[PDB]
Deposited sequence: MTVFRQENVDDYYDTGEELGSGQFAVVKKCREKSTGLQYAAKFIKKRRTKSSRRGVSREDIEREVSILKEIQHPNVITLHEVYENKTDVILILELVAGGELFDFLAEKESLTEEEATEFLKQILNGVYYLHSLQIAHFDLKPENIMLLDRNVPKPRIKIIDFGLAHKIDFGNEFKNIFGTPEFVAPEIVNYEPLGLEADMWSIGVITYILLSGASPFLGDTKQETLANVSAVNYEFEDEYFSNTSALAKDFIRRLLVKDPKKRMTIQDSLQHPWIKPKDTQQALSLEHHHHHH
């Protein structure tokens, strides 16, 4: 699939950089024709078939295909795609309140945690309903619309590892951030929607305590901890956290993906359900 090959600069002006990573940079931008504002993600293309630099066309096209399917208040939306020799440029919905990660570093109560979590669960319910696994859920990939409100609204971003799961599972080169990946990722096993639910358990633990449940001193330690389900609720952090909140986490941080709560289970769980 090919994208718009006119110069993006003829249609958009860029401004503040919103973030950067491995082979991508995200810039605030404004469409010249409408004055409307967006986030432009510049993704570096591979220059040869065997290069390890840049993102493969196959991987770029998958991400764009997934983004085009999505329309839900809790997930980022895609406006347009451009490309040139060096980059694919995604013109994405602008979200200005920063990462949930940075909002967290600034300070949650169970109410504040569930307020965020319900939105995340709603977005993931939408995705999983469409058989889309995100595969990279973490606080860095949850953005706030406006961070100066008591209960900020959120949108899930970064579908770079996302996959359609038409056959119950996928087994591919898929591996996210060690702190948040499920044991089946660590062990290179077939992956399905269940992996996202584990990641939600990790996010929930962090929301409530400020601490990361499997984090070791090195990446290999973290991964070893994940595979062994080596976590516990520290009393210093969880002493005034409800047993029901702990129950919710405990039913997500389960090694056997078949025994893990599904997204539907999570919405019916007594900590979440009205």
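Sequence ranges without modelled C-alpha atoms (deposited numbering): Unmodelled stretches: 1, 109-110, 278-293.
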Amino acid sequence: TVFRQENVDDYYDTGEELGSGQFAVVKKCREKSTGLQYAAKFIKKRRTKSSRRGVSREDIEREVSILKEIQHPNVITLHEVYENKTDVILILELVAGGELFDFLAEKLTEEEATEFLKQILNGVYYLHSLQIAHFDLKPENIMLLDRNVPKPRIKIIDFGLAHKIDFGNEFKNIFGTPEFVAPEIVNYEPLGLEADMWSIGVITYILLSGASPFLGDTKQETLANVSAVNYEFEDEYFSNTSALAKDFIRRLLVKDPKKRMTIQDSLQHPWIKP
From here on, numbers count along this sequence of modelled residues.
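In this text, the rigid core denotes the largest set of C-alpha atoms whose superposition between the two forms falls within 1.5 Å.
Going by root mean square C-alpha distance after a core fit, say whether 212-220 or 243-251 is farther from the shown form in 8 other deposited structures of this protein. Output: 212-220, the stretch lying farther off on average in 8 other deposited structures of this protein.
Farther-lying stretch by C-alpha RMS in 8 other deposited structures of this protein, rigid core as reference, of 170-178 and 138-146: When 170-178 and 138-146 are compared in 8 other deposited structures of this protein, 170-178 lies farther out.
Mean CA temperature factor from the deposited coordinates, higher in 76-84 or in 109-117? For C-alpha atoms only, the mean B-factor is higher in 109-117.
Where do the C-alpha atoms have the higher mean temperature factor in this entry, in 182-190 or in 169-177? Result of the comparison: 169-177.
Out of 197, 149, 130, 203, highest CA B-factor residue: It is 149.
Identify, among 37, 227, 51, 242, the residue whose C-alpha carries the highest B-factor in the deposited PDB entry. Each of 37, 227, 51, 242 was compared by C-alpha B-factor; the highest is 51.
Within-chain third of residue 231 by Cα B-factor, per the entry: Middle third of the chain for residue 231's C-alpha B-factor.
Residue 65 - Cα temperature factor, lowest/middle/highest third of chain: For residue 65, whose C-alpha B-factor we compare with every modelled residue in the chain, the answer is the lowest third.
Entry-reported Cα temperature factor of residue 42, expressed as the chain third it lands in: Residue 42: CA B-factor falls in the middle third of its chain.
Test of reading the entry: by CA B factor among the chain's modelled residues, which third contains residue 264? Tercile = lowest for this residue's CA B-factor.
What third of the chain does residue 59 rank in for C-alpha temperature factor, lowest, middle or highest? Within its chain, residue 59 is a middle-third residue by C-alpha B-factor, going by the deposited values.
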